[PDB]
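First up is the structure itself, then whatever we jot down about it.
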Amino acid sequence: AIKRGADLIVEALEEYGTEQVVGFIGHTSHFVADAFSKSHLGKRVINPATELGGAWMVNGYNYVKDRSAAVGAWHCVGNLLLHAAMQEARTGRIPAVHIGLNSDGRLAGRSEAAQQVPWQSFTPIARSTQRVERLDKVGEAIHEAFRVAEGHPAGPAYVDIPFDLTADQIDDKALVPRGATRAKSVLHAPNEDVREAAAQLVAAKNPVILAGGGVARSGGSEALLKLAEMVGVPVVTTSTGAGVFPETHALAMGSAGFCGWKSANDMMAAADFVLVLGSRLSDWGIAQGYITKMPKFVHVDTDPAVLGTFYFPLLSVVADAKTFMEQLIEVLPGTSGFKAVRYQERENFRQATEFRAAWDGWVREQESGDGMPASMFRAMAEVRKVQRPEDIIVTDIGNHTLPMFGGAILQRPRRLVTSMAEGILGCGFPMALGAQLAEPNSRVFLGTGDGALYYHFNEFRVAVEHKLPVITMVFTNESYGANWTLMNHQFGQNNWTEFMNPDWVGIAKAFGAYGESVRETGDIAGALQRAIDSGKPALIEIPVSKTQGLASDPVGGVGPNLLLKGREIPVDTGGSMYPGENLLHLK
Amino acid sequence: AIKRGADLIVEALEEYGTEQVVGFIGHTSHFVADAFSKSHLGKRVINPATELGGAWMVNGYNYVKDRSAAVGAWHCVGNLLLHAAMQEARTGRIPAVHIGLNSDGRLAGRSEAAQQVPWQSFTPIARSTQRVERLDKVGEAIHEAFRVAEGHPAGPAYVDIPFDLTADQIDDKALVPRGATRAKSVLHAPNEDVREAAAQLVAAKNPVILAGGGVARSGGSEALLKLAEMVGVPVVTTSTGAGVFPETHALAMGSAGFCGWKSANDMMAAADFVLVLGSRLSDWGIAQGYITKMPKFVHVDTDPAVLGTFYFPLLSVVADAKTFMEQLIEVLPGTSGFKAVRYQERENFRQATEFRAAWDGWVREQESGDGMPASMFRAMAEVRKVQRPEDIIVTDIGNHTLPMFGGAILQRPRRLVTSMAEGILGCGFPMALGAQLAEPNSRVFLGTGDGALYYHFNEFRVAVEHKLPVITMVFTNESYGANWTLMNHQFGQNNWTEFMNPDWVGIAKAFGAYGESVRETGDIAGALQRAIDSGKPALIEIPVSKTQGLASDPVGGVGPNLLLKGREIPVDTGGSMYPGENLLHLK
Amino acid sequence: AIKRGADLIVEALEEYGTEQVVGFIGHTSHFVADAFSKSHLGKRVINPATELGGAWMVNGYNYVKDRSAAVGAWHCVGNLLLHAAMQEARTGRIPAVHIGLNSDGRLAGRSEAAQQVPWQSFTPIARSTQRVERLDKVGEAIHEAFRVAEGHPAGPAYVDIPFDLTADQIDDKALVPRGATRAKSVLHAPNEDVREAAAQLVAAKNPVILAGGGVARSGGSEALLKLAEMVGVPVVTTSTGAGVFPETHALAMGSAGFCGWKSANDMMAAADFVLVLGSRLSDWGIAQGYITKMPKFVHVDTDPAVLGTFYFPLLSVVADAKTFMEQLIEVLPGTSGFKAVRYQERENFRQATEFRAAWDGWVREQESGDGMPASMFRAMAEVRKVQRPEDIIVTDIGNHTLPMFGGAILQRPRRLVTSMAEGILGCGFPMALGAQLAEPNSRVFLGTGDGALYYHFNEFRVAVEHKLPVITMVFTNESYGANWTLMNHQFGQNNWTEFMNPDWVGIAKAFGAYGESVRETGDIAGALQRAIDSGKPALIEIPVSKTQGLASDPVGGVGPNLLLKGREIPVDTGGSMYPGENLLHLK
Ligand SMILES: Cc1cc2nc3c(=O)[nH]c(=O)nc-3n(C[C@H](O)[C@H](O)[C@H](O)COP(=O)(O)OP(=O)(O)OC[C@H]3O[C@@H](n4cnc5c(N)ncnc54)[C@H](O)[C@@H]3O)c2cc1C
Ligand SMILES: Cc1cc2nc3c(=O)[nH]c(=O)nc-3n(C[C@H](O)[C@H](O)[C@H](O)COP(=O)(O)OP(=O)(O)OC[C@H]3O[C@@H](n4cnc5c(N)ncnc54)[C@H](O)[C@@H]3O)c2cc1C
Ligand SMILES: Cc1cc2nc3c(=O)[nH]c(=O)nc-3n(C[C@H](O)[C@H](O)[C@H](O)COP(=O)(O)OP(=O)(O)OC[C@H]3O[C@@H](n4cnc5c(N)ncnc54)[C@H](O)[C@@H]3O)c2cc1C
Ligand SMILES: Cc1ncc(C[n+]2csc(CCOP(=O)(O)OP(=O)(O)O)c2C)c(N)n1
Ligand SMILES: Cc1ncc(C[n+]2csc(CCOP(=O)(O)OP(=O)(O)O)c2C)c(N)n1
Ligand SMILES: Cc1ncc(C[n+]2csc(CCOP(=O)(O)OP(=O)(O)O)c2C)c(N)n1
Ligand SMILES: [Cl-]
Ligand SMILES: [Cl-]
Ligand SMILES: [Cl-]
Ligand SMILES: [Mg+2]
Ligand SMILES: [Mg+2]
Ligand SMILES: [Mg+2]
């Protein structure tokens, strides 16, 4: 059948499992938008206030789904706004396909052409960058994009299509590849390696299991619970793994790292052996700026590139996390020295429970005291009273990240969302909208700084039109508070940190969202109830200090090195000069 | 003397003429912010709501200054938001230096590193991209950046500096290059080329002088007035040249092009010879999608690359525009066939005056729409009543661009501002703030669509804190009106074009800006008076139709070909298959 | 201890298993060469006539070793010659680390600098490209290079180090990472998948096992022999897999593809099921220009990227080839319908033996006839009389490739060497020298075209000095014979194909190599004996036809499409013009 390139693009997106399109109109995307209006997918399209806001929605949706279920489709120059969100998708392992409709291929390369997008700008960012030259390659290019995006590692794929090809027509026989294939992901470890891990767990006096985001991607919660109880070993997570182990369990230490729980950092410092499952031991994660000292450890991952790049394990294993845990459960009875004992009776139990109890007591101290300014830990204690296991916690980047992570107590995977890998400010609100679109049965609670909310609050138009009832707490301190705090310490003076806020209640109301301030009332609990009952997106203005959180609260961190110290560097030797130095010797 | 890298950066920026810093804080920019606080540039640093908003401010400031007077200084991952504004600076010939402070060079290249910015993403966009490896190269790199940015062609330079080098210290002897000078820019044409151009001008029956943005950069307004009056030749401009010739003059036809004045398009269609001065004859400028038919023409530019790339001149000349005009003025009396006659008595005068009268009559007809919705041409007629010769007109991108360009009547150069080269939506409000910073005592009037204002209205924070009294008219139609209208024409249906507005007056009030709607009154005149009286940034909501402007108003354009018609393309031949086609051959 | 960067580079190369250095001197590699002279590795350095010749030696060495045992070390501008060999290493899956010593980092970025190598030229070619900015990163960068080079997929890594860092000194504590870690590669398939493969083999009426180069990397020869005999299934290879199954066995069909054995192409055309092990089903391999029709197939590979990119399998499996075969051997007794029967008694045996017998008879016909010009198949029959199982066959690219592949009958893996993935002319002689260096106990026989030998015969100085007794047959036809033959057919006329040869015997003798021509004697057998007995590198000049081989001999191929047919393409529509077309409408 004769088909337009635009129709073929939409067919290919349908073929590879697309559910949610985030699209922006312009003449180069006109044919694609018309094709979508005639398709199943057209029913769900989101048109964001800006392309970067929309790209953040794609990231939030796909982070919680672990596949490229959301896709971007963008008119030429709007692709120029994608880079920040695309970078997070790369290092944060978020599958995400973006289709850019460039200007006419006839005009490409002319020096005075308008809107000829430099697609090569994405080469260092996307895991796959393709410029489509020919109409008969559109299906093929989209097929490749999904294959790369949904691999190990997951990440973004960008496809640049000059828009004349979307208007052009061709016979469609076999053009869109049908019935795309996939190998099982349940990669099994060699039995020798499973035996070695079991022997190390037995021998250890105070072992820990460290579960990262790969346990979530693997679907390994059930196996992890069975394993941890069988051996009686405390469980630490990364921030993307939090919730794969119920965080109310006696063996739950929480997340290690600089915005994590002190119980987890205490356990990592005490442990004589770690079993690492599905973690990349990253800079702003377990490595803490490449300062953390790891105990001897076994490292199990599906991506060989993460194994041994920086921390050299005792034993490295390429395997699926769930599968490896199941193999270990089978081998343990039978391992020399293993005995079945209730975890509460193991010799290492008291230590771990003491670490957790000390952390819980400190958290309760931070929750104490009503009135203003509010403690962000108290705000999260109020959320917990109305929070269900399926509900999602979102944060932005700042002082506030630490209380959001410390007050999030999670029972299911993929319930904690931010720009994890790159710490890109402004992510929180649009990622929360993407997560809400993906998980319509979840309540989504966002704790955002004021400096953060400034970026993409224009997306309230999406939240209101599409009935996405995110509950946003905007923590106001009229500052980039992490930076105020750190610069005061570093230099004795903050600079570039202070700003004015609008009346955020008035902003919300101007969009038809629910708005309430607790500046005068302190009534966080009531505001949450009213926000929830409204059925609207909501904004609750909560004054906080400039200093509470990341830059100040002690959680047992060792890094990263935000307050780097300079070194005195020698000048160059040899006779070569600086530019312009000729004039100093005589002109 | 031993100095920190951050201090050396500030010294280099001061040496090369920086007047205004737009900066965003984070740990990687802490030392640079601290160093700026010790400089006279500190007192008035602009900290924008987002880095892309700030990069648009840099563009607006530098467009009106014709040098890199404003500079950007950005914490690592915030650099990822620069690309759209940087692309406009490249093709739009806006000098602009951006300093990106990357993460620690010690950590660069580690696969699980956080915030290691891919500076190579700028290579296809900036005119100069440099990664500084060594502290002793910081002065040298900044010297190079200004050299490239302020050359011919002008454009953006990006300098990536790992922030450890900003904390490190070194002896400073000769390190910052001092006393840089440029060659004079007053390039003279060969006398024979001047004589040939004079002979063509005098021989032509219906000549035109086409003056582009290069006449503004050259400072050629006085020479252009003398030349046009001496020979009695109508003047057409590009949109960046508008205002170099007073647009109230009898010989002023206005700007040619698809959002220009019909008088100019009429004149270009009638002309038998064109003298092109300081224009690149671009796609969305004079070329109109490479459809415009140029008469025989002489082409004078400082950049050899624009001469003969697409339109082949009768004679190409490398020269400064002002200088070439002065040369021509000198040779005209000695040119056979030249006679000194008042311009009003030349044979070609009546034709040109008829074209201008017909255009002016059409514009007047558009000023009497006079209901709700209001006419955008009426809004500009009201602006003109309170507009001085030094005041600046800004627009965004949409249906509204055409009435903004058509209602702008200018007497001085560099008074019309937008994303000229790339048409990037959202530019208008932050570019207007940048222009206002550059010229504190000029009045700045912005006409913006609603879809456009959605992008960067977060920068009201800057406008209110810094008391930048930009007068913004938001034209409301609850749509991307150009797209609504044109899709209805192309397909019989529009898709992706409609959205809800907030209460824009309420948004302004929530920020502390002046806000008023004329929906019930039509009182644009009174709203402008009250907005000006306020002394604040102002937002005036003006309801408009979905269709008025670019999509519906004929101005004699021929292109560009954006509603392109597809072609039927043959399938490939030979035996090669599509991916997945193997399955189709199984029996 | 205080160490120079040069000393640290050599320590790191030793740490990660380097055996063979191929290095080229110049001031930027002076410190590195001095450091090598004080190391174990210095004893084995090869200094090639050119850097591209040396890079081909690295490829030949590492192709046969399956690890980056050979490394390149190059003075600045000599790195500019690496790209061709580096590209083969990428697509041909050859591990290969190259260390480039650039010019002084102080001078980098200066516009009029000499010998500042553009290392970014390698970004699209190497699997890893690193520019080292800091002395304390030299060990780290080299560690990363080996990790990427020796992964799945294997490939080249390039490290660019400004040479000042090689002269600079630093305390060495912990700087070179010690005890680099690695996971086992014996990846096991899910038992369900092994069961499915067994069920498909049972059900099939005339199955085939297709073994590629991954079976060689895996070390799977023993398992493949046991499997093939147990099920009684014919074995086809790719050209990099040839020799993993003894090619004198009754079940050996040889290599499929356009330069392969007709018995293998016949079997692939007849088969109702294929088990593909360790093949990427490549363009100039099994795909034959994406024309080959695959029967339903199971595809087993360690690299998920090759699985389903173009040919969609019935079942895709991520597993090590040897391991998967061992799993299959265990499950087969017990699979419904499996019965133990001698392979000679299976119903499918006669068909396969008939295909092999027909091919062998055709090969014997091509060997018949002595005298001149010689048949290249007869030359290979003469080699076979003096060829041991450990010996290596090398070819270059041309008509001659087909008889080299068809006359190579191999019993062990990694005995067939060329530029497999990219077909880069000239590879053969230097790859043969690299293979000889790696396998000093092998006799190495090269069959090279004359056009090919012209490239790197300058490397005879290496062969003679280092006593590398490669036996080279130069097939003379005074032509690029593949192109003469194909162009005569395509156009009726050859162009750019003919050239003169030197007296190749005189060339060999001028280098101190053994030289002999059979132009007058026809005595191939005697020349081989004399060449072998000389103990020198040898060159035997053998006249051949312009036409025999790739471009003419029928081996059952279907592609690739060398003689592509053009299509008539429509002109563009719309009014836009070509550059310069303005002058045709009136100037
Ligand atoms: C301000 C801020 C503060 C932060 N604070 C912390 C903190 O305190 N603690 C913290 O941990 N992080 C923190 N982060 C997040 C951190 O930067 C990283 O994003 C995070 O630690 C990475 O998690 P991960 O190691 O589990 O790997 P992920 O990025 O989640 O990647 C998944 C890993 O699992 C592997 N994998 C995927 N699927 C499977 C499978 N089926 N089986 C096996 N392996 C699989 C992948 O190959 C990869 O190695 C912070 C971020 C910011 C911006
Ligand atoms: C929605 C939209 C509608 C538009 N409609 C129009 C329209 O109707 N008409 C129109 O003209 N544009 C229009 N534009 C703008 C257009 O895209 C270009 O930005 C503009 O036409 C370029 O102007 P220019 O040719 O004068 O060159 P500029 O981009 O202003 O560049 C300056 C030129 O002068 C040269 N130069 C610089 N200094 C000197 C010197 N000292 N002496 C000599 N030469 C010098 C430079 O080398 C260069 O060639 C539109 C843009 C948009 C987004
Ligand atoms: C002139 C010319 C003619 C040619 N003619 C032919 C021809 O007739 N026939 C032919 O076959 N080729 C031919 N070639 C070579 C061809 O271009 C390819 O180089 C070759 O076919 C690729 O072999 P392969 O598919 O086995 O994969 P390789 O390139 O050998 O790659 C190895 C594959 O095995 C996988 N792998 C690696 N280790 C393991 C492991 N442990 N377990 C499982 N999988 C593993 C890899 O991921 C990869 O998919 C020709 C080349 C030229 C230049
Ligand atoms: C795009 C971007 N720009 C700047 C930063 C630097 N940064 C990190 S945290 C932070 C403070 C954010 O302020 P806010 O959201 O108010 O949070 P607070 O620190 O006050 O809790 C900043 C500016 C960043 N990470 N990303
Ligand atoms: C970043 C970006 N995204 C999308 C577009 C495509 N575009 C061009 S004009 C336009 C309409 C803008 O709407 P508005 O500002 O309301 O103006 P109107 O057409 O209603 O006058 C759009 C979406 C663009 N040029 N840039
Ligand atoms: C670098 C390079 N240049 C050119 C070619 C194209 N090419 C492929 S085969 C061939 C013929 C080589 O001639 P020769 O070595 O004499 O072999 P013959 O065809 O005569 O057997 C040529 C020119 C190539 N593959 N690589
Ligand atoms: Cl547009
Ligand atoms: Cl940050
Ligand atoms: Cl040299
Ligand atoms: Mg804040
Ligand atoms: Mg609008
Ligand atoms: Mg030849």
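Letters A, B, ... mirror the listed sequences (proteins, then strands); counts begin at 1. Any value given below was found using the heavy atoms of this structure, including those in side chains, with hydrogens, waters and symmetry copies removed.
Heavy atoms of A:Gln120 lying under 4.5 Å from chain B belong to its backbone as well as its side chain. Both the backbone and the side chain of A:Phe24 have a heavy atom closer than 4.5 Å to some heavy atom of chain B. Residue A:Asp104 touches chain B through its side chain alone, counting heavy-atom pairs closer than 4.5 Å. Contacts of A:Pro48 with chain B are made by backbone atoms alone, with heavy-atom separations under 4.5 Å and no side-chain atom involved. Within the 4.5 angstrom heavy-atom criterion, atoms from both the backbone and the side chain of A:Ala174 approach chain B. If you measure heavy-atom distances from A:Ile125 to chain B, the contacts under 4.5 Å come from the side chain alone. Only the backbone of A:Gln116 has a heavy atom closer than 4.5 Å to any heavy atom of chain B. For chain B, no part of A:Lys137 is nearby; none of its heavy atoms comes within less than 4.5 Å. Both the backbone and the side chain of A:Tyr454 come within less than 4.5 Å of a heavy atom in chain B. Interface remark: A:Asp503 contributes backbone and side-chain atoms alike to the contact with chain B (heavy atom separation under 4.5 Å). Residue A:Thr123 does not touch chain B at all, counting heavy-atom pairs closer than 4.5 Å. In this structure, chain B has a heavy atom under 4.5 Å from the side chain of A:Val45, while its backbone stays farther away.
At a threshold of 4.5 Å between non-hydrogen side-chain atoms, the residues B:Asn495 and A:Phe36 do not count as touching.
The ring pair (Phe, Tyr, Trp, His ring centres under 6.0 Å) test applied to A:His143 returns A:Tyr16, C:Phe312, not counting sequence neighbours.
Aromatic ring centres of A:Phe163 and A:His27: separated by under 6.0 Å.
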